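Here is the structure we will look at, set down as structure tokens.
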Amino acid sequence: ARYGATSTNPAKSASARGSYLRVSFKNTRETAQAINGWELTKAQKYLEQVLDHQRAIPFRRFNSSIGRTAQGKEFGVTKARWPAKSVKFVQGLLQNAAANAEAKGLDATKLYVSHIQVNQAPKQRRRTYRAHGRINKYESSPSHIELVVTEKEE
Amino acid sequence: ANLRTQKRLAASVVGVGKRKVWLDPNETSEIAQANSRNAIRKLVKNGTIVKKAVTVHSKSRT
Amino acid sequence: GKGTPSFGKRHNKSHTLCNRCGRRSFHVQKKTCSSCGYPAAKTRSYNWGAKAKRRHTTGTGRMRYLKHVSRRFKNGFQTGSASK
Amino acid sequence: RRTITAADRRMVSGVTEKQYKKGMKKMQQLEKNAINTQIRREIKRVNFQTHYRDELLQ
Amino acid sequence: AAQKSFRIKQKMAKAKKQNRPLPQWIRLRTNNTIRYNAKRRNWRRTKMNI
RNA sequence: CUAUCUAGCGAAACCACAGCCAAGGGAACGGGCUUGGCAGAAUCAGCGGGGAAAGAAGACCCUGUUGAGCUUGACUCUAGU
RNA sequence: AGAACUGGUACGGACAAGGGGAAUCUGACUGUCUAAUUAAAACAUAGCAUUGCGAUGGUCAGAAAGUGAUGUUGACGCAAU
RNA sequence: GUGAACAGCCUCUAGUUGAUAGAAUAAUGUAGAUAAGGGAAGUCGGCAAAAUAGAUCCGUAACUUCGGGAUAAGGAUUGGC
RNA sequence: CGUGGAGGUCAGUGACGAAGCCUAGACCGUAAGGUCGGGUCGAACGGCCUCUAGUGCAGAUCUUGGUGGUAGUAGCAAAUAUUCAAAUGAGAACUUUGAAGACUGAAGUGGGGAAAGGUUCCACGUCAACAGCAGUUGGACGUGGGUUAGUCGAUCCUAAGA
RNA sequence: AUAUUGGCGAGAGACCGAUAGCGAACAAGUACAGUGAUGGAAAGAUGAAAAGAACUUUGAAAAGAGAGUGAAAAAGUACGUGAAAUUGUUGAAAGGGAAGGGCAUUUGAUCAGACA
Ligand SMILES: [Zn+2]
């Protein structure tokens with residue numbers, strides 16, 4: 001139950017974590033940086049809209065040769081994408097963080113995501129077959145996700 | 001549930017192939033309990049299952 | 001071809017199980033095992049197969065009788081009952 | 001017409017079907033870890049076809 | 001084949017007996033490190049040579 | 001039907017370090033050195049000029065007190081006869 | 001097999017289905033081989049010709065044997081071309 | 001069933017609906033096509049494509065080992081009632 | 001200067017924390033490297049005088065192992081093709097039932113075999129992995145069931161041969 | 001008297017300490033490939049004792065967050081210590097077609113001598 005870099009008080013903050021989750025990693029980093037610093041109402045409206053094909057997630061770093069879309073225009077960048085598996089794997093953790101927020105007296109009127117990060121999990125390997133009889137590797141890139149919610153104050 | 005046992009059995013109990021058995025779309029809470037073979041003859045006589053008739057290949061133009 | 005279309009024709013066996021050594025080595029078209037020549041008398045022992053002597057040498061398997069001679073020497077090969 | 005199931009012998013001698021699920025999950029996770037680390041090695045030393053062709057002459 | 005001998009059916013009985021997981025109370029023994037069953041095989045991957 | 005865009009899954013070649021050019025000398029055709037002209041983030045689809053790009057090319061030529069296939073009235077032998 | 005009939009002169013109405021001709025090199029023809037770059041004018045082939053040999057023999061194998069192949073053969077035959 | 005046909009095409013008994021999908025219709029592609037006029041002027045070279053085709057009747061030359069060449073070349077026809 | 005061991009010495013240091021590990025914290029030595037403070041950590045370890053050696057790495061198309069960039073990119077395009085309603089389900093382009101639409105078109109995408117495979121056959125339960133997407137489904141996963149011969153085969157003959 | 005890298009029983013080491021030592025400290029000549037002769041791996045360390053997490057809550061469940069065990073979850077079976085390449089977070093800073101380096105100094109961070 002060790003978390004990453006947390007600059008908040010650990011008396012007014014609930015926590016959430018998902019380990020060894022088999023989603024992509026380069027998508028979960030982008031989605032988990034789309035929401036860093038948002039309220040837990042507008043964040044969930046956002047992560048309901050991304051599946052509903054408005055307000056795309058911007059791909060900042062892990063973004064080479066992807067296609068351009070218009071809906072990244074509200075975030076400044078022009079490369080945007082809608083990862084519907086990583087949104088479904090993050091929204092469960094936001095819902096879990098709300099249910100841990102309601103078990104400490106933290107009211108849901110002022111919560112926001114303070115510390116959110118992904119991590120390259122142990123790879124889960126498979127094989128694929130190329131020409132001339134050569135086995136190359138073919139692996140999945142799972143992610144650990146850590147997420148601490150806390151309430152804004154003065 | 002999953003009636004792929006019963007649609008296999010209903011060709012062996014009737015004599016027509018697999019593609020001609022019409023199961024019932026409304027009584028799947030009852031057909032799914034007819035696991036063994038000798039309950040399917042209690043259902044063909046009940047009319048839960050019906051052998052569909054042979055699709056016509058007429059020869060009249062010939 | 002000489003590769004993949006000529007690997008499909010491999011179905012009829014040319015080795016079957018041996019009755020002395022028990023591995024799939026009894027040739028059938030001339031009836032002679034290759035890990036120990038079965039219609040011959042002595043097992044196929046070799047000095048250039050120095051690792052192969054360890055795969056079938058003594059001390060390997062059960063030794064239903066040869067792990068008692070060491071103990072049975074030490075009591076003089078004695079007979080008769082134990083005691084009262 | 002049975003008073004014996006699969007579970008009847010094993011509920012007495014040790015294991016229990018709730019702890020059996022906490023054993024069956026651990027073997028399939030450890031089978032993954034022993035089949036991951038073999039594919040972490042064989043993919044490097046498998047393209048060494050010792051009788052290759054290199055099918056481009058003229 | 002389906003017209004097999006008895007030397008093959010003597011061996012496939014042991015091949016059908018040696019295809020099961022490790023018994024679950026083995027791991028509850030005291031000095032037992034046997035986590036999975038390593039010699040376990042199935043017919044898709046490793047053909048036994050007979 | 002590809003390609004393009006999206007959901008999911010997602011390897012490899014290659015890789016000192018990285019990439020704007022012209023003249024200059026120079027291992028005799030610089031991405032770097034030296035004078036110059038210049039120079040604005042992240043970039044997507046194409047492209048085949050360059051990277052003397054990438055490959056278990058086909059090469060012609062030589063040295064080695066390096067072999068092998070083969071041929072003879074080479075040397076030295078030998079089965080057979 | 002035949003005749004009148006009728007049409008947007010269609011008519012093996014899709015499917016299925018020979019391109020043809022005059023000359024030259026080379027191989028007679030049918031066939032076979034370089035599986036995974038060469039299907040040929042190469043090889044094979046029938047035809048023609050030569051040589052050895054009458055059996056205690058011709059040709060050839062075997063380390064040797066009281067051992068073998070041609071030989072369940074004998075010149076209209078076997079062997080080597 | 002058409003058809004000479006076990007061709008091709010469609011259909012019955014029997015079986016399957018498996019092969020990642022959605023939107024869009026740019027370049028370049030892989031596959032399948034078409035074209036005014038000219039007809040090899042392309043290119044080492046008619047490479048590739050188009051043409052001819054099934055059946056009946058007429059009609060068939062050099063040469064020839066008299067067996068062939070030969071479906072030679074060149075013409076006309078084809079439905080339904 | 002340093003490393004692995006060995007003989008002395010420091011009546012050395014140490015669970016009140018020994019080695020190791022990290023630190024754009026400090027000091028010493030021109031350096032080889034030594035010493036201290038902090039965090040982690042939990043059982044051994046140094047100095048000096050000597051002895052001994054499988055003793056010092058950037059390379060060897062180095063060996064073994066691990067991970068990059070390339071990169072969410074190449075792509076996942078032969079075999080004509082899928083659609084609607086309902087059902088269990090947390091969830092259904094993918095499971096099942098119905099309804100349509102098709103295709104294989106009797107040298108079949110049918111019904112049985114021989115080699116070879118070996119329990120995949122079939123039911124119940126289940127989805128961490130596999131089915132290069134999915135999944136409640138499966139040739140996968142867990143546990144049990146199943147092969148009945150006087151005649152059909154082998155056994156009995158002989159070929160080429162051994 | 002002599003020999004003995006095999007079998008059996010012992011005793012020791014200025015040897016190696018898991019990429020070393022036999023190929024094998026471990027269900028090793030096993031798993032695995034090959035028709036076959038033969039070829040042949042990887043893989044040791046929770047804690048003193050499992051005291052392996054009762055109970056509550058969110059979730060369909062995998063698990064999460066509390067609570068509890070523990071001297072220690074910075075020891076939770078993926079379990080001593082946990083290095084580097086490599087990666088996420090936050091912080092500091094910088095950036096007109098590379099980045100790094102040398103000499104001097106401004107600025108920003110930190111350390112300092114006591115001369116108490
Ligand atoms: Zn044998």
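Letters A, B, ... mark the chains of the structure tokens in the order given; residue numbers begin at 1 per chain; ligand numbers begin at 1, in order shown.
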
ask   = Which residues of chain E are close to chain J, meaning at most 8 Å apart when you count only C-alpha atoms (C1' of nucleotides), and how do they look as a PyMOL selection string?
value = chain E and resi 34+38-39

message = Residues near segment 50-63 of chain J, anyone? I mean within 8 Å using only C-alpha atoms (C1' of nucleotides), not counting same-chain ones fewer than 2 positions away, as a VMD selection string.
response = (chain A and resid 18 95 to 96 99 to 100 103) or (chain I and resid 90) or (chain J and resid 67 to 70 76)

Contacts of ligand 1, 7 Å or closer, only C-alpha atoms (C1' of nucleotides) and all ligand atoms, given as a ChimeraX atom specification = /C:18-23,25-26,33-38

key: Distance query segment 36-48 of chain I at most 9 Å, only C-alpha atoms (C1' of nucleotides), self and fewer than 3 positions along chain excluded, as a list in words   =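 Selected residues are residues 9, 10, 12, 13, 14, 15, 17, 18, 19, 20, 21, 22, 23, 25, 26 and 27 of chain I; 74, 80 and 81 of chain J.
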
message = Between atom CA of residue 61 of chain A and atom CA of residue 80 of chain A, what distance in Å does the model show, to one decimal?
response =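 Atom CA of residue 80 of chain A lies at a distance of 11.3 Å from atom CA of residue 61 of chain A.
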
Would you list, as a PDB file with N, CA, C and O atoms, in the first residue's frame, the residues of segment 96-148 of chain A that end up in alpha helix (DSSP H) under DSSP run on this structure's backbone?
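Output file part30.pdb follows:
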ATOM      1  N   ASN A  96     -14.499   3.563  -7.544  1.00  0.00           N
ATOM      2  CA  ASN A  96     -13.973   2.982  -6.315  1.00  0.00           C
ATOM      3  C   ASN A  96     -13.418   4.046  -5.383  1.00  0.00           C
ATOM      4  O   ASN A  96     -13.535   3.925  -4.158  1.00  0.00           O
ATOM      5  N   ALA A  97     -12.811   5.087  -5.940  1.00  0.00           N
ATOM      6  CA  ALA A  97     -12.289   6.160  -5.115  1.00  0.00           C
ATOM      7  C   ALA A  97     -13.404   6.978  -4.499  1.00  0.00           C
ATOM      8  O   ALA A  97     -13.252   7.479  -3.385  1.00  0.00           O
ATOM      9  N   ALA A  98     -14.538   7.096  -5.182  1.00  0.00           N
ATOM     10  CA  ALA A  98     -15.675   7.757  -4.556  1.00  0.00           C
ATOM     11  C   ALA A  98     -16.245   6.927  -3.416  1.00  0.00           C
ATOM     12  O   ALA A  98     -16.617   7.480  -2.377  1.00  0.00           O
ATOM     13  N   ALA A  99     -16.300   5.609  -3.575  1.00  0.00           N
ATOM     14  CA  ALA A  99     -16.799   4.754  -2.511  1.00  0.00           C
ATOM     15  C   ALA A  99     -15.834   4.632  -1.344  1.00  0.00           C
ATOM     16  O   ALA A  99     -16.263   4.253  -0.254  1.00  0.00           O
ATOM     17  N   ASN A 100     -14.548   4.910  -1.548  1.00  0.00           N
ATOM     18  CA  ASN A 100     -13.641   5.079  -0.416  1.00  0.00           C
ATOM     19  C   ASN A 100     -13.670   6.486   0.150  1.00  0.00           C
ATOM     20  O   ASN A 100     -13.302   6.682   1.312  1.00  0.00           O
ATOM     21  N   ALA A 101     -14.078   7.465  -0.655  1.00  0.00           N
ATOM     22  CA  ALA A 101     -14.254   8.819  -0.159  1.00  0.00           C
ATOM     23  C   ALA A 101     -15.475   8.925   0.737  1.00  0.00           C
ATOM     24  O   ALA A 101     -15.488   9.726   1.675  1.00  0.00           O
TER      25      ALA A 101
END

key: Atomic separation - atom CA of residue 75 of chain A relative to atom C1' of residue 93 of chain J, Å   =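 Between atom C1' of residue 93 of chain J and atom CA of residue 75 of chain A the gap is 25.2 Å.
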
request  = Pull out every residue of chain I that has at least one atom within 12 Å of chain D, counting only C-alpha atoms (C1' of nucleotides), and report them as a PyMOL selection string.
outcome  = chain I and resi 64-67+124-130+141-144

task = Enumerate, as an MDAnalysis selection string, the complete set of residues in segment 4-153 of chain A that a backbone-based DSSP assignment places in strand (DSSP E).
result = chainID A and resid 13:21 57:58 80:81 111:120 124:130 134:140 143:151

Same residues, N, CA and C atoms, saved as a compact mmCIF listing (two decimals), in the first residue's frame:
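Result saved to again.txt:
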# COMPACT_ATOMS: atom_id res chain seq x y z
N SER A 13 -7.91 12.34 2.32
CA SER A 13 -7.71 11.82 0.97
C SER A 13 -8.02 10.34 0.95
N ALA A 14 -8.84 9.91 -0.01
CA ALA A 14 -9.08 8.50 -0.22
C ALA A 14 -8.22 8.01 -1.37
N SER A 15 -8.09 6.70 -1.48
CA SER A 15 -7.11 6.11 -2.37
C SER A 15 -7.74 5.02 -3.21
N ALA A 16 -7.09 4.68 -4.31
CA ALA A 16 -7.59 3.66 -5.22
C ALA A 16 -6.43 3.15 -6.06
N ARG A 17 -6.52 1.88 -6.45
CA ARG A 17 -5.40 1.24 -7.13
C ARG A 17 -5.89 0.04 -7.92
N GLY A 18 -5.37 -0.12 -9.12
CA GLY A 18 -5.64 -1.31 -9.90
C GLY A 18 -4.37 -1.93 -10.44
N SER A 19 -4.06 -3.14 -10.00
CA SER A 19 -2.79 -3.78 -10.31
C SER A 19 -2.96 -4.81 -11.41
N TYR A 20 -1.96 -4.90 -12.29
CA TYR A 20 -1.83 -5.93 -13.32
C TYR A 20 -3.00 -5.91 -14.30
N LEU A 21 -3.57 -4.74 -14.53
CA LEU A 21 -4.74 -4.63 -15.39
C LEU A 21 -4.32 -4.73 -16.85
N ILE A 57 -9.88 12.25 -25.94
CA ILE A 57 -8.70 12.28 -25.08
C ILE A 57 -7.51 12.74 -25.92
N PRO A 58 -6.72 13.71 -25.47
CA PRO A 58 -5.56 14.13 -26.26
C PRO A 58 -4.38 13.21 -25.99
N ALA A 80 -5.78 13.46 -31.28
CA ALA A 80 -6.69 13.01 -30.25
C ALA A 80 -7.25 11.65 -30.63
N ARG A 81 -7.69 10.93 -29.61
CA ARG A 81 -8.11 9.55 -29.79
C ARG A 81 -9.00 9.20 -28.61
N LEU A 111 -14.31 17.11 -4.30
CA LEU A 111 -13.22 16.17 -4.52
C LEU A 111 -12.56 16.39 -5.87
N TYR A 112 -11.25 16.12 -5.93
CA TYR A 112 -10.50 16.22 -7.17
C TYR A 112 -9.33 15.26 -7.08
N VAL A 113 -8.86 14.81 -8.25
CA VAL A 113 -7.85 13.76 -8.33
C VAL A 113 -6.45 14.35 -8.17
N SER A 114 -5.81 14.04 -7.06
CA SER A 114 -4.56 14.70 -6.70
C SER A 114 -3.35 14.02 -7.32
N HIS A 115 -3.34 12.70 -7.36
CA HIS A 115 -2.14 11.94 -7.66
C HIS A 115 -2.55 10.73 -8.48
N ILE A 116 -2.23 10.73 -9.77
CA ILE A 116 -2.71 9.70 -10.67
C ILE A 116 -1.59 9.28 -11.60
N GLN A 117 -1.30 7.98 -11.64
CA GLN A 117 -0.17 7.53 -12.43
C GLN A 117 -0.35 6.10 -12.88
N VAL A 118 0.32 5.77 -13.99
CA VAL A 118 0.34 4.44 -14.55
C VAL A 118 1.75 3.87 -14.43
N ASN A 119 1.86 2.56 -14.61
CA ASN A 119 3.14 1.89 -14.45
C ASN A 119 3.18 0.64 -15.32
N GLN A 120 4.31 0.42 -15.98
CA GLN A 120 4.51 -0.71 -16.87
C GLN A 120 4.50 -1.99 -16.06
N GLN A 124 3.08 -9.93 -20.50
CA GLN A 124 2.40 -11.21 -20.61
C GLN A 124 2.57 -11.66 -22.05
N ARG A 125 3.39 -12.68 -22.27
CA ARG A 125 3.97 -12.91 -23.58
C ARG A 125 3.22 -13.99 -24.36
N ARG A 126 3.32 -13.88 -25.67
CA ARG A 126 2.72 -14.81 -26.61
C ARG A 126 3.67 -14.88 -27.80
N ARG A 127 3.34 -15.70 -28.79
CA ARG A 127 4.20 -15.83 -29.95
C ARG A 127 3.39 -15.57 -31.21
N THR A 128 4.08 -15.10 -32.24
CA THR A 128 3.50 -14.90 -33.55
C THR A 128 4.44 -15.49 -34.58
N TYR A 129 3.92 -15.73 -35.78
CA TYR A 129 4.65 -16.46 -36.81
C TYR A 129 4.83 -15.57 -38.03
N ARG A 130 6.07 -15.38 -38.42
CA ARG A 130 6.42 -14.57 -39.57
C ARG A 130 6.85 -15.48 -40.71
N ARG A 134 10.20 -18.03 -38.61
CA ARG A 134 10.87 -17.30 -37.55
C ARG A 134 9.83 -16.89 -36.53
N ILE A 135 10.05 -17.25 -35.28
CA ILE A 135 9.16 -16.84 -34.21
C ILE A 135 9.63 -15.49 -33.70
N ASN A 136 8.75 -14.50 -33.74
CA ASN A 136 9.00 -13.26 -33.04
C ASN A 136 8.05 -13.14 -31.87
N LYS A 137 8.42 -12.32 -30.90
CA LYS A 137 7.61 -12.16 -29.71
C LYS A 137 6.38 -11.30 -30.01
N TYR A 138 5.39 -11.41 -29.14
CA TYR A 138 4.09 -10.77 -29.35
C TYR A 138 3.48 -10.63 -27.97
N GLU A 139 3.64 -9.47 -27.36
CA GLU A 139 3.30 -9.34 -25.96
C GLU A 139 2.28 -8.25 -25.72
N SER A 140 1.66 -8.34 -24.56
CA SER A 140 0.75 -7.33 -24.05
C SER A 140 1.47 -6.46 -23.05
N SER A 143 -0.85 -2.50 -17.14
CA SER A 143 -0.55 -1.31 -16.37
C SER A 143 -1.00 -1.46 -14.93
N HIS A 144 -0.19 -0.97 -14.00
CA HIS A 144 -0.65 -0.64 -12.65
C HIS A 144 -1.15 0.79 -12.69
N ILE A 145 -2.23 1.07 -11.97
CA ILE A 145 -2.77 2.42 -11.88
C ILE A 145 -2.92 2.78 -10.41
N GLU A 146 -2.41 3.94 -10.03
CA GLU A 146 -2.60 4.47 -8.69
C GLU A 146 -3.33 5.79 -8.81
N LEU A 147 -4.20 6.07 -7.84
CA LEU A 147 -5.08 7.23 -7.96
C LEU A 147 -5.56 7.65 -6.59
N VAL A 148 -5.20 8.85 -6.16
CA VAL A 148 -5.60 9.36 -4.85
C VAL A 148 -6.50 10.55 -5.08
N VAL A 149 -7.67 10.54 -4.46
CA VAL A 149 -8.60 11.66 -4.53
C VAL A 149 -8.55 12.39 -3.21
N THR A 150 -8.72 13.71 -3.26
CA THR A 150 -8.78 14.49 -2.03
C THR A 150 -9.62 15.72 -2.31
N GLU A 151 -9.98 16.44 -1.26
CA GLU A 151 -10.88 17.58 -1.40
C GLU A 151 -10.11 18.89 -1.38

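Residues of chain D having any atom within 10 Å of chain G, counting only C-alpha atoms (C1' of nucleotides), are residues 53, 55, 56, 57 and 58 of chain D.
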
Next, write the just-selected residues to a file, as a PDB file, in the first residue's frame, keeping N, CA and C atoms as the atom set.
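For reference, out_20.pdb as written:
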ATOM      1  N   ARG D  53      18.716 -20.881 -47.044  1.00  0.00           N
ATOM      2  CA  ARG D  53      18.807 -20.801 -48.497  1.00  0.00           C
ATOM      3  C   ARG D  53      19.249 -19.438 -49.005  1.00  0.00           C
ATOM      4  N   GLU D  55      17.304 -16.899 -50.759  1.00  0.00           N
ATOM      5  CA  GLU D  55      16.848 -17.284 -52.090  1.00  0.00           C
ATOM      6  C   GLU D  55      16.933 -16.211 -53.174  1.00  0.00           C
ATOM      7  N   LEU D  56      18.066 -15.514 -53.305  1.00  0.00           N
ATOM      8  CA  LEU D  56      18.148 -14.433 -54.299  1.00  0.00           C
ATOM      9  C   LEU D  56      19.533 -14.457 -54.941  1.00  0.00           C
ATOM     10  N   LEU D  57      19.618 -15.030 -56.144  1.00  0.00           N
ATOM     11  CA  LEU D  57      20.882 -15.095 -56.871  1.00  0.00           C
ATOM     12  C   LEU D  57      20.858 -14.254 -58.140  1.00  0.00           C
ATOM     13  N   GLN D  58      19.953 -14.532 -59.073  1.00  0.00           N
ATOM     14  CA  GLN D  58      19.952 -13.848 -60.363  1.00  0.00           C
ATOM     15  C   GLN D  58      18.596 -13.964 -61.032  1.00  0.00           C
TER      16      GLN D  58
END

message = Could you work out which residues of chain A fall inside 8 Å of chain I? Count only C-alpha atoms (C1' of nucleotides), and format the result as a PyMOL selection string.
response = chain A and resi 26-27+62-65+128
